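Input: a single structure, listed below in C-alpha coordinates.
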Amino acid sequence: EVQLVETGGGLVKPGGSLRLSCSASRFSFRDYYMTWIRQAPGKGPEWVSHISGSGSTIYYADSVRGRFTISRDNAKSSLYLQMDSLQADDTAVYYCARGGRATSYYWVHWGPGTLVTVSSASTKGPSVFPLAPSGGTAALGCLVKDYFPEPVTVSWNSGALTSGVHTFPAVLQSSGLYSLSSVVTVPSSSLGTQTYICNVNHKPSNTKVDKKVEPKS
Amino acid sequence: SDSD
Amino acid sequence: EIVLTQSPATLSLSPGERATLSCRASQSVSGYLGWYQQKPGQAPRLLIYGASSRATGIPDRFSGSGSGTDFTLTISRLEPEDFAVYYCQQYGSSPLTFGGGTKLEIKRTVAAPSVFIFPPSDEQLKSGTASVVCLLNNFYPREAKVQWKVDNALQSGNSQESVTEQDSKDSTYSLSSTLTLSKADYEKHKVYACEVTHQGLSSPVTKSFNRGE
Ligand SMILES: *[C@@H]1O[C@H](CO)[C@@H](O)[C@H](O)[C@H]1NC(C)=O
(Lines give C-alpha, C1' and ligand atoms only; values in the text may rest on other atoms or scores of the structure.)
Protein backbone atom coordinates (compact mmCIF):
# COMPACT_ATOMS: atom_id res chain seq x y z
CA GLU A 1 0.00 0.00 0.00
CA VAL A 2 1.27 3.50 -0.86
CA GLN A 3 2.73 5.21 2.22
CA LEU A 4 3.20 8.97 2.52
CA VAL A 5 4.29 10.87 5.64
CA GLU A 6 4.76 14.65 5.91
CA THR A 7 7.12 16.15 8.50
CA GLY A 8 8.63 19.54 9.24
CA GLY A 9 5.54 21.51 10.29
CA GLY A 10 5.69 23.86 13.23
CA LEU A 11 5.32 27.43 14.47
CA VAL A 12 7.08 30.19 12.57
CA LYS A 13 7.01 33.99 12.58
CA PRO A 14 5.70 35.86 9.53
CA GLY A 15 8.56 36.31 7.07
CA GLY A 16 10.23 33.19 8.45
CA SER A 17 11.03 29.99 6.61
CA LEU A 18 10.14 26.34 6.95
CA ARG A 19 11.00 23.19 5.01
CA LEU A 20 8.49 20.37 4.68
CA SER A 21 9.43 16.87 3.63
CA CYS A 22 7.23 14.03 2.45
CA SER A 23 8.67 10.52 2.66
CA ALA A 24 7.21 7.97 0.22
CA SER A 25 7.51 4.21 0.34
CA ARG A 26 6.13 1.05 -1.28
CA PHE A 27 5.78 2.48 -4.79
CA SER A 28 7.91 3.73 -7.67
CA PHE A 29 8.20 7.34 -6.53
CA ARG A 30 10.14 8.57 -9.57
CA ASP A 31 7.34 7.56 -11.97
CA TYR A 32 4.66 9.85 -10.47
CA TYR A 33 3.75 13.49 -10.35
CA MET A 34 3.75 14.67 -6.74
CA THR A 35 1.51 17.42 -5.37
CA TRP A 36 1.24 19.64 -2.29
CA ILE A 37 -2.26 20.41 -0.93
CA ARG A 38 -3.02 22.61 2.09
CA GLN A 39 -6.13 23.21 4.19
CA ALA A 40 -6.71 26.22 6.40
CA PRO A 41 -8.68 25.72 9.65
CA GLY A 42 -12.38 25.58 8.78
CA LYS A 43 -11.82 25.83 5.02
CA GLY A 44 -11.70 23.38 2.15
CA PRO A 45 -8.42 22.22 0.63
CA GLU A 46 -6.36 24.37 -1.70
CA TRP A 47 -3.95 23.16 -4.37
CA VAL A 48 -0.40 24.45 -3.80
CA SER A 49 2.12 22.97 -6.23
CA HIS A 50 2.84 20.17 -8.75
CA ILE A 51 6.18 18.55 -9.65
CA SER A 52 6.68 16.01 -12.43
CA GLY A 53 8.36 12.68 -11.76
CA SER A 54 11.53 14.01 -13.39
CA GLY A 55 11.41 17.31 -11.51
CA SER A 56 11.65 19.33 -14.73
CA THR A 57 7.98 20.40 -14.91
CA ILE A 58 6.69 22.44 -11.97
CA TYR A 59 3.54 24.51 -11.37
CA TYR A 60 2.53 26.83 -8.51
CA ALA A 61 -0.65 28.43 -7.22
CA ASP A 62 -0.44 32.20 -7.65
CA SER A 63 -0.69 32.73 -3.88
CA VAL A 64 2.67 31.04 -3.22
CA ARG A 65 4.60 31.84 -6.41
CA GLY A 66 8.02 33.31 -5.70
CA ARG A 67 7.81 32.27 -2.04
CA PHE A 68 7.45 28.46 -2.12
CA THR A 69 9.79 26.06 -3.95
CA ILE A 70 8.81 22.45 -4.63
CA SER A 71 11.48 19.81 -5.27
CA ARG A 72 12.09 16.09 -4.90
CA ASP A 73 14.93 13.62 -4.41
CA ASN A 74 13.95 10.51 -6.37
CA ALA A 75 16.91 8.56 -4.96
CA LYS A 76 15.61 9.14 -1.43
CA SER A 77 11.94 8.95 -2.53
CA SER A 78 11.30 12.32 -0.91
CA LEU A 79 9.16 15.33 -1.82
CA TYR A 80 9.97 18.76 -0.40
CA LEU A 81 8.33 22.15 -0.06
CA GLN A 82 10.63 25.02 0.83
CA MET A 83 8.53 27.83 2.30
CA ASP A 84 10.05 31.31 2.43
CA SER A 85 8.52 34.67 3.33
CA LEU A 86 5.72 32.89 5.19
CA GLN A 87 2.47 34.78 5.78
CA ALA A 88 -0.27 34.41 8.39
CA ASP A 89 -2.57 33.20 5.60
CA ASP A 90 -0.19 30.29 4.88
CA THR A 91 -1.34 28.74 8.19
CA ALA A 92 -2.82 25.34 7.27
CA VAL A 93 -2.39 21.61 7.40
CA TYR A 94 -0.05 20.67 4.56
CA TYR A 95 -0.49 17.35 2.72
CA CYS A 96 1.57 15.63 0.07
CA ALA A 97 -0.35 13.57 -2.44
CA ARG A 98 0.57 11.20 -5.25
CA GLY A 99 -0.53 12.17 -8.75
CA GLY A 100 -0.61 10.15 -11.92
CA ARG A 101 2.36 9.29 -14.09
CA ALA A 102 1.77 12.23 -16.43
CA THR A 103 -1.02 14.23 -14.70
CA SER A 104 -2.08 15.24 -11.16
CA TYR A 105 -5.80 16.10 -11.37
CA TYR A 106 -7.19 14.47 -8.20
CA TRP A 107 -5.76 12.40 -5.39
CA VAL A 108 -6.28 8.95 -3.90
CA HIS A 109 -3.14 8.73 -1.75
CA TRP A 110 -2.60 11.43 0.88
CA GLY A 111 -0.20 11.72 3.78
CA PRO A 112 -1.66 12.33 7.25
CA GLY A 113 -0.65 16.00 7.08
CA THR A 114 1.68 18.34 8.95
CA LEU A 115 0.51 21.51 10.68
CA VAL A 116 2.18 24.83 9.80
CA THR A 117 1.29 27.80 12.04
CA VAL A 118 2.48 31.26 11.00
CA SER A 119 2.03 33.85 13.74
CA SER A 120 3.85 36.67 15.52
CA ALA A 121 2.41 35.44 18.84
CA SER A 122 5.05 34.09 21.23
CA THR A 123 4.85 30.66 22.82
CA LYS A 124 3.19 31.10 26.21
CA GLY A 125 1.74 28.85 28.86
CA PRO A 126 -1.80 29.42 30.11
CA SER A 127 -3.40 31.11 33.08
CA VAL A 128 -5.99 28.83 34.70
CA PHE A 129 -8.98 30.24 36.58
CA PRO A 130 -11.77 28.41 38.41
CA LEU A 131 -15.33 28.49 37.14
CA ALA A 132 -16.83 28.02 40.57
CA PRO A 133 -20.17 26.20 40.94
CA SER A 134 -23.17 28.49 41.42
CA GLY A 135 -31.37 21.42 41.78
CA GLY A 136 -29.66 18.06 41.42
CA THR A 137 -26.98 18.89 38.82
CA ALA A 138 -24.23 21.51 39.13
CA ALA A 139 -21.72 22.70 36.53
CA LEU A 140 -18.17 23.78 37.34
CA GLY A 141 -15.06 24.26 35.29
CA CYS A 142 -11.77 25.91 34.51
CA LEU A 143 -10.95 28.83 32.27
CA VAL A 144 -7.69 28.26 30.37
CA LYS A 145 -6.68 31.63 28.99
CA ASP A 146 -3.96 33.25 26.89
CA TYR A 147 -1.71 30.43 25.69
CA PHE A 148 -0.03 29.84 22.36
CA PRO A 149 0.24 27.79 20.19
CA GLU A 150 -2.22 24.93 20.37
CA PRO A 151 -2.69 22.50 22.04
CA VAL A 152 -3.49 22.26 25.71
CA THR A 153 -4.76 19.10 27.30
CA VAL A 154 -7.21 19.33 30.18
CA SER A 155 -8.12 16.52 32.52
CA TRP A 156 -10.22 16.45 35.66
CA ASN A 157 -8.71 14.90 38.81
CA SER A 158 -5.72 13.53 36.85
CA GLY A 159 -8.07 11.48 34.64
CA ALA A 160 -10.37 10.01 37.29
CA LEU A 161 -13.30 12.21 36.22
CA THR A 162 -14.39 11.77 32.60
CA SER A 163 -18.20 11.65 32.68
CA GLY A 164 -19.90 14.88 31.69
CA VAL A 165 -16.72 16.77 30.83
CA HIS A 166 -16.83 19.18 27.89
CA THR A 167 -13.53 20.74 26.87
CA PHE A 168 -14.39 23.39 24.33
CA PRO A 169 -12.38 23.88 21.15
CA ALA A 170 -9.84 26.64 21.57
CA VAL A 171 -10.74 30.01 20.08
CA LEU A 172 -8.17 32.56 18.94
CA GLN A 173 -8.54 35.90 20.68
CA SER A 174 -7.87 39.26 19.05
CA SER A 175 -4.54 39.22 20.93
CA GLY A 176 -3.46 36.21 18.85
CA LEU A 177 -3.51 34.01 21.95
CA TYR A 178 -5.89 31.08 22.48
CA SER A 179 -8.48 30.58 25.21
CA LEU A 180 -10.88 27.79 26.14
CA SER A 181 -12.98 26.50 28.99
CA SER A 182 -13.39 22.95 30.23
CA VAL A 183 -16.55 22.23 32.20
CA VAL A 184 -18.10 19.26 33.94
CA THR A 185 -21.54 18.59 35.35
CA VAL A 186 -21.65 16.81 38.71
CA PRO A 187 -24.27 16.00 41.35
CA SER A 188 -24.74 19.01 43.62
CA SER A 189 -24.73 16.74 46.68
CA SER A 190 -20.98 16.24 46.09
CA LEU A 191 -19.99 19.92 46.01
CA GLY A 192 -18.70 19.76 49.58
CA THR A 193 -17.44 16.18 49.73
CA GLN A 194 -15.77 15.59 46.37
CA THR A 195 -12.75 17.69 45.37
CA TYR A 196 -12.47 18.87 41.76
CA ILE A 197 -9.10 19.82 40.22
CA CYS A 198 -8.49 20.53 36.54
CA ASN A 199 -5.05 19.51 35.28
CA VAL A 200 -3.86 21.70 32.40
CA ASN A 201 -0.76 20.77 30.39
CA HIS A 202 0.69 23.00 27.65
CA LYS A 203 3.51 21.04 26.04
CA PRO A 204 4.81 23.74 23.62
CA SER A 205 5.94 25.69 26.71
CA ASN A 206 6.31 22.70 29.08
CA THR A 207 3.74 24.35 31.37
CA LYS A 208 1.63 22.32 33.82
CA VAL A 209 -1.00 23.92 36.04
CA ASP A 210 -3.48 22.39 38.47
CA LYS A 211 -6.50 24.40 39.60
CA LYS A 212 -8.73 23.40 42.48
CA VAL A 213 -12.34 24.47 41.82
CA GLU A 214 -14.52 25.07 44.88
CA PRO A 215 -17.75 26.93 45.70
CA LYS A 216 -17.65 30.54 46.90
CA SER A 217 -20.15 32.21 49.27
CA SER B 1 -3.32 3.59 -17.12
CA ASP B 2 -1.95 6.97 -16.02
CA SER B 3 -3.78 6.46 -12.69
CA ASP B 4 -2.90 2.79 -12.04
CA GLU C 1 -10.49 30.34 -11.40
CA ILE C 2 -13.52 28.06 -11.33
CA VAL C 3 -15.58 28.44 -8.14
CA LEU C 4 -17.30 25.37 -6.68
CA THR C 5 -20.50 26.16 -4.73
CA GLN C 6 -21.63 23.41 -2.36
CA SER C 7 -25.15 23.37 -0.91
CA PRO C 8 -26.39 22.96 1.67
CA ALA C 9 -23.63 24.12 4.01
CA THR C 10 -24.87 21.68 6.66
CA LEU C 11 -27.14 18.67 6.20
CA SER C 12 -28.93 17.10 9.16
CA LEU C 13 -30.08 13.52 8.61
CA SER C 14 -30.85 10.39 10.64
CA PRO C 15 -29.01 7.10 10.01
CA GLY C 16 -30.83 5.17 7.31
CA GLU C 17 -31.95 8.19 5.30
CA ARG C 18 -30.75 9.17 1.82
CA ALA C 19 -28.44 12.18 1.43
CA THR C 20 -28.13 14.30 -1.71
CA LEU C 21 -25.21 16.76 -1.84
CA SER C 22 -25.01 19.36 -4.60
CA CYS C 23 -21.95 20.99 -6.19
CA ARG C 24 -22.33 23.84 -8.68
CA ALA C 25 -19.44 25.05 -10.82
CA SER C 26 -19.12 28.65 -12.00
CA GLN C 27 -18.09 27.40 -15.46
CA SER C 28 -18.45 24.06 -17.17
CA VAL C 29 -15.91 21.47 -16.01
CA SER C 30 -17.36 18.69 -18.24
CA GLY C 31 -17.23 15.45 -16.21
CA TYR C 32 -13.87 16.19 -14.56
CA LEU C 33 -15.15 16.44 -11.01
CA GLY C 34 -14.33 14.48 -7.88
CA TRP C 35 -15.82 14.06 -4.42
CA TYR C 36 -14.01 13.59 -1.12
CA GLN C 37 -15.05 12.72 2.42
CA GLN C 38 -13.15 14.14 5.39
CA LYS C 39 -13.28 13.17 9.05
CA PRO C 40 -11.67 15.17 11.90
CA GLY C 41 -7.89 15.07 11.91
CA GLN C 42 -7.58 13.08 8.66
CA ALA C 43 -6.78 13.84 5.05
CA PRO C 44 -9.68 13.96 2.54
CA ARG C 45 -10.64 10.55 1.17
CA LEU C 46 -11.51 10.22 -2.51
CA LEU C 47 -15.00 8.81 -3.13
CA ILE C 48 -15.70 9.66 -6.78
CA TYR C 49 -13.70 10.77 -9.81
CA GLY C 50 -14.89 11.59 -13.30
CA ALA C 51 -18.21 12.93 -11.92
CA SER C 52 -19.60 9.40 -11.55
CA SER C 53 -16.77 6.81 -11.37
CA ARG C 54 -16.41 5.37 -7.87
CA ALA C 55 -12.94 5.03 -6.36
CA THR C 56 -11.52 1.70 -5.19
CA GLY C 57 -13.09 0.25 -2.05
CA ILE C 58 -15.83 2.87 -1.75
CA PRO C 59 -19.18 1.25 -0.77
CA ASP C 60 -21.86 1.19 -3.46
CA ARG C 61 -24.27 3.48 -1.56
CA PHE C 62 -21.99 6.34 -2.67
CA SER C 63 -22.86 7.52 -6.17
CA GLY C 64 -22.15 10.67 -8.13
CA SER C 65 -23.94 12.15 -11.13
CA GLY C 66 -24.00 15.35 -13.15
CA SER C 67 -21.88 16.95 -15.84
CA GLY C 68 -20.86 20.45 -16.83
CA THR C 69 -21.87 22.71 -13.93
CA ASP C 70 -24.37 20.83 -11.68
CA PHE C 71 -23.12 17.78 -9.78
CA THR C 72 -24.66 15.60 -7.09
CA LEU C 73 -23.25 13.13 -4.57
CA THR C 74 -25.84 10.67 -3.23
CA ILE C 75 -25.65 8.36 -0.20
CA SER C 76 -28.41 5.79 -0.72
CA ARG C 77 -28.87 5.05 2.98
CA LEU C 78 -26.66 6.69 5.58
CA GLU C 79 -24.44 4.56 7.84
CA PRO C 80 -23.15 5.93 11.17
CA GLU C 81 -19.69 6.11 9.56
CA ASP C 82 -20.88 8.49 6.83
CA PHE C 83 -21.37 11.59 9.00
CA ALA C 84 -18.45 13.79 7.96
CA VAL C 85 -17.53 16.71 5.72
CA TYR C 86 -17.77 16.32 1.94
CA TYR C 87 -15.91 18.32 -0.71
CA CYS C 88 -16.20 18.48 -4.46
CA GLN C 89 -13.18 19.22 -6.64
CA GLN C 90 -13.00 20.20 -10.31
CA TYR C 91 -10.13 19.47 -12.67
CA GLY C 92 -11.54 20.64 -16.00
CA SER C 93 -9.35 23.75 -15.85
CA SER C 94 -6.39 24.95 -13.87
CA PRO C 95 -5.94 26.03 -11.17
CA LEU C 96 -7.59 23.01 -9.59
CA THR C 97 -10.10 24.11 -6.97
CA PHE C 98 -12.14 22.59 -4.15
CA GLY C 99 -15.60 23.47 -2.93
CA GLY C 100 -16.31 24.89 0.50
CA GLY C 101 -17.66 21.67 1.93
CA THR C 102 -20.95 20.23 3.18
CA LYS C 103 -21.04 18.94 6.76
CA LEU C 104 -23.31 15.93 7.23
CA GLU C 105 -24.45 15.81 10.86
CA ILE C 106 -26.76 13.53 12.84
CA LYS C 107 -30.34 14.69 13.32
CA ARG C 108 -31.85 13.74 16.68
CA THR C 109 -34.77 14.93 18.78
CA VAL C 110 -34.77 18.50 20.05
CA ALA C 111 -33.00 18.94 23.40
CA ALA C 112 -33.06 22.19 25.36
CA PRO C 113 -29.72 23.47 26.70
CA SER C 114 -29.21 23.64 30.42
CA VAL C 115 -27.83 27.12 30.98
CA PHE C 116 -25.20 28.18 33.51
CA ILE C 117 -23.39 31.47 34.05
CA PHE C 118 -20.04 31.99 35.80
CA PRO C 119 -18.74 35.31 37.12
CA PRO C 120 -15.01 35.99 36.83
CA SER C 121 -12.94 34.47 39.59
CA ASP C 122 -11.22 36.66 42.14
CA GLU C 123 -7.88 35.32 40.86
CA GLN C 124 -8.58 36.60 37.36
CA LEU C 125 -9.78 40.03 38.51
CA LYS C 126 -6.51 40.25 40.46
CA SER C 127 -4.70 40.06 37.09
CA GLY C 128 -6.77 42.90 35.61
CA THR C 129 -9.35 41.17 33.40
CA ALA C 130 -12.86 39.82 33.66
CA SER C 131 -14.18 36.88 31.67
CA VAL C 132 -17.86 36.08 32.11
CA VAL C 133 -18.78 32.62 30.85
CA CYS C 134 -22.21 31.47 29.74
CA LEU C 135 -22.54 27.70 29.26
CA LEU C 136 -25.22 25.92 27.17
CA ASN C 137 -24.98 22.21 27.91
CA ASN C 138 -26.14 19.22 25.82
CA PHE C 139 -28.61 20.70 23.35
CA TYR C 140 -29.89 19.99 19.85
CA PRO C 141 -30.12 21.43 17.18
CA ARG C 142 -26.94 23.51 16.98
CA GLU C 143 -28.59 26.86 16.28
CA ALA C 144 -28.87 29.02 19.39
CA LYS C 145 -28.94 32.75 20.03
CA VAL C 146 -26.87 33.86 23.04
CA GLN C 147 -27.01 37.56 23.95
CA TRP C 148 -25.03 39.37 26.62
CA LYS C 149 -26.75 42.20 28.49
CA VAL C 150 -24.84 44.39 30.94
CA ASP C 151 -27.19 46.67 32.94
CA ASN C 152 -29.73 45.97 30.14
CA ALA C 153 -27.28 47.12 27.43
CA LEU C 154 -26.83 44.56 24.66
CA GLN C 155 -23.14 43.84 24.16
CA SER C 156 -21.45 43.37 20.82
CA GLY C 157 -17.92 42.85 19.59
CA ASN C 158 -16.71 41.67 23.00
CA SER C 159 -17.73 38.00 23.24
CA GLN C 160 -16.66 34.78 21.53
CA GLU C 161 -18.46 31.45 21.16
CA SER C 162 -17.03 27.94 21.02
CA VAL C 163 -19.13 24.83 20.20
CA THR C 164 -18.15 21.22 20.81
CA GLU C 165 -18.31 18.58 18.12
CA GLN C 166 -21.50 16.56 18.10
CA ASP C 167 -21.32 14.19 21.07
CA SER C 168 -20.44 10.64 20.06
CA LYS C 169 -23.01 9.16 22.46
CA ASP C 170 -26.08 11.44 22.56
CA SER C 171 -25.45 13.56 19.40
CA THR C 172 -25.93 16.84 21.33
CA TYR C 173 -23.83 20.01 21.22
CA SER C 174 -22.45 22.19 23.98
CA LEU C 175 -21.62 25.86 23.64
CA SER C 176 -19.66 28.42 25.62
CA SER C 177 -20.07 32.17 25.21
CA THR C 178 -17.31 34.17 26.89
CA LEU C 179 -17.67 37.91 27.48
CA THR C 180 -14.30 39.51 28.16
CA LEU C 181 -13.80 42.93 29.72
CA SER C 182 -11.07 44.77 31.50
CA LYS C 183 -11.38 44.82 35.27
CA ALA C 184 -12.06 48.56 35.07
CA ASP C 185 -14.98 48.11 32.66
CA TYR C 186 -16.37 45.14 34.61
CA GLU C 187 -16.59 47.27 37.75
CA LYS C 188 -18.52 50.03 35.94
CA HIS C 189 -21.62 47.82 35.98
CA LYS C 190 -23.80 45.76 38.30
CA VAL C 191 -25.94 43.24 36.42
CA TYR C 192 -24.47 40.65 34.04
CA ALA C 193 -26.97 38.54 32.14
CA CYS C 194 -26.79 35.80 29.52
CA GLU C 195 -30.02 35.34 27.55
CA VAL C 196 -30.42 32.11 25.56
CA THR C 197 -32.92 31.49 22.76
CA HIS C 198 -33.26 27.90 21.57
CA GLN C 199 -35.98 25.88 19.83
CA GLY C 200 -36.04 23.47 22.78
CA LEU C 201 -36.97 26.25 25.20
CA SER C 202 -40.61 27.39 25.46
CA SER C 203 -39.33 30.90 26.14
CA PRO C 204 -35.81 32.37 26.30
CA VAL C 205 -33.81 31.62 29.45
CA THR C 206 -31.90 34.35 31.29
CA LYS C 207 -29.11 33.60 33.75
CA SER C 208 -27.71 36.58 35.59
CA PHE C 209 -25.79 37.80 38.61
CA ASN C 210 -25.00 41.01 40.46
CA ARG C 211 -21.28 41.77 40.53
CA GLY C 212 -20.05 41.21 44.08
CA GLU C 213 -22.75 38.77 45.19
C1 LIG D 1 -4.79 9.16 -12.45
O2 LIG D 1 -4.94 9.07 -11.02
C3 LIG D 1 -4.15 10.01 -10.27
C4 LIG D 1 -4.43 9.75 -8.80
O5 LIG D 1 -4.03 8.45 -8.41
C6 LIG D 1 -4.46 11.45 -10.69
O7 LIG D 1 -3.60 12.35 -10.01
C8 LIG D 1 -4.28 11.59 -12.20
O9 LIG D 1 -4.64 12.91 -12.62
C10 LIG D 1 -5.15 10.57 -12.92
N11 LIG D 1 -5.01 10.71 -14.36
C12 LIG D 1 -6.05 10.73 -15.20
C13 LIG D 1 -7.41 10.55 -14.59
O14 LIG D 1 -5.89 10.88 -16.40
Side-chain angles (χ1 to χ4, degrees), chain A residues 4 6 35 37 39 42-48 50 59-63 93 95-97 103-113 127-134 137-143 145-146 164 166-174 179-183 185 211 213 216-217, chain C residues 1 4 6 32-36 38 41-46 48-50 55-56 85 87-92 94-101 114-125 127 129 131 133 135 137-138 160-165 167 173-176 178 180 207 209 213:
Chain A
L4 302 170
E6 303 87 349
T35 293
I37 309 292
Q39 186 172 30
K43 323 301 196 229
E46 175 172 56
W47 169 75
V48 177
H50 287 318
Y59 302 106
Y60 296 107
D62 289 322
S63 60
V93 174
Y95 302 97
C96 61
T103 67
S104 195
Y105 292 146
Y106 64 91
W107 307 283
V108 178
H109 307 289
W110 299 65
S127 298
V128 185
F129 304 117
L131 296 172
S134 166
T137 264
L140 57 102
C142 276
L143 181 63
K145 185 163 153 58
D146 297 330
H166 287 296
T167 295
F168 287 100
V171 174
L172 195 68
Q173 296 166 105
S174 79
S179 184
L180 63 75
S181 281
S182 174
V183 299
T185 51
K211 201 65 184 188
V213 177
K216 274 189 187 166
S217 286
Chain C
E1 89 267 17
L4 290 182
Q6 288 191 248
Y32 304 131
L33 184 112
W35 289 93
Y36 302 83
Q38 187 174 46
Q42 314 181 356
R45 175 191 155 200
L46 183 73
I48 298 279
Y49 60 102
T56 303
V85 179
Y87 298 100
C88 56
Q89 183 240 312
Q90 66 87 21
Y91 49 102
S94 47
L96 317 164
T97 49
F98 291 74
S114 33
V115 185
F116 304 86
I117 188 170
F118 301 95
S121 50
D122 299 297
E123 293 95 316
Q124 181 185 22
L125 296 168
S127 40
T129 64
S131 296
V133 173
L135 165 62
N137 219 23
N138 304 328
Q160 299 185 288
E161 303 193 343
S162 185
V163 191
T164 58
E165 289 296 291
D167 182 275
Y173 295 93
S174 291
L175 177 151
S176 66
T178 303
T180 47
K207 296 289 179 167
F209 64 92
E213 333 199 344

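Values reported hereafter were calculated over all heavy atoms of this structure, with side chains retained and with hydrogens, waters and symmetry mates removed. Protein chains get the first letters and strands the later ones, always in sequence-line order, with residue 1 at the start of each.
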Gap separating the [atom1] atom of [X] from the [atom2] atom of [Y], nearest 0.5 angstrom:
{"X": "C:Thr129", "Y": "A:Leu143", "atom1": "OG1", "atom2": "CG", "value": "8.5 Å"}
{"X": "A:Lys145", "Y": "C:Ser127", "atom1": "NZ", "atom2": "OG", "value": "8.5 Å"}
{"X": "A:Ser127", "Y": "C:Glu123", "atom1": "OG", "atom2": "CD", "value": "11.0 Å"}
{"X": "C:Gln38", "Y": "A:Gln39", "atom1": "CD", "atom2": "CD", "value": "4.0 Å"}
{"X": "C:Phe116", "Y": "A:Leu140", "atom1": "CZ", "atom2": "CG", "value": "10.0 Å"}
{"X": "A:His50", "Y": "C:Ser94", "atom1": "NE2", "atom2": "OG", "value": "8.5 Å"}

Taking everything shown except [X] itself, do over 12 heavy atoms lie less than 6.0 Å from its [atom1]?
{"X": "C:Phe98", "atom1": "CZ", "answer": "yes"}
{"X": "C:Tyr32", "atom1": "OH", "answer": "no"}
{"X": "A:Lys216", "atom1": "NZ", "answer": "yes"}

Shortest non-hydrogen separation from [X] to [Y] and the atoms involved:
{"X": "C:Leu96", "Y": "A:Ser104", "answer": "CD1-O, 3.4 Å"}
{"X": "C:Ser121", "Y": "A:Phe129", "answer": "OG-CB, 3.5 Å"}
{"X": "A:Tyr106", "Y": "C:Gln89", "answer": "CB-OE1, 3.5 Å"}

For [X], is it the side chain, the backbone, both, or neither that has a heavy atom closer than 4.5 Å to a heavy atom of chain A?
{"X": "C:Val85", "answer": "neither"}
{"X": "C:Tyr36", "answer": "side chain"}
{"X": "C:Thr97", "answer": "neither"}

Residue A:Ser181 versus chain C: region with a heavy atom under 4.5 Å: side chain
Quick one: what part of A:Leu180 sits under 4.5 Å from any heavy atom of chain C, side chain, backbone, both or neither? neither
If you tally heavy-atom pairs under 4.5 Å between each of A:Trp110, A:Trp47, A:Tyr95 and chain C, the highest tally belongs to A:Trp110
Would you mind telling me which of A:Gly44, A:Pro45, A:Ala139 has the largest number of heavy-atom pairs within less than 4.5 Å of chain C? A:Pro45
Among C:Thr180, C:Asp122, C:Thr178, which residue has the highest count of heavy-atom pairs closer than 4.5 Å to chain A? C:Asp122
Judged by modelled atom types alone, do A:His166 and C:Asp167 share a side-chain donor-acceptor pair under 3.5 Å? no
Give a yes or no answer on whether the side chain of A:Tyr59 reaches the backbone of C:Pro95 with a donor-acceptor pair at less than 3.5 Å. no
Strictly distance-based, threshold 3.5 Å: is any side-chain N or O of C:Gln160 a donor or acceptor partner for the main-chain N or O of A:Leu172? yes
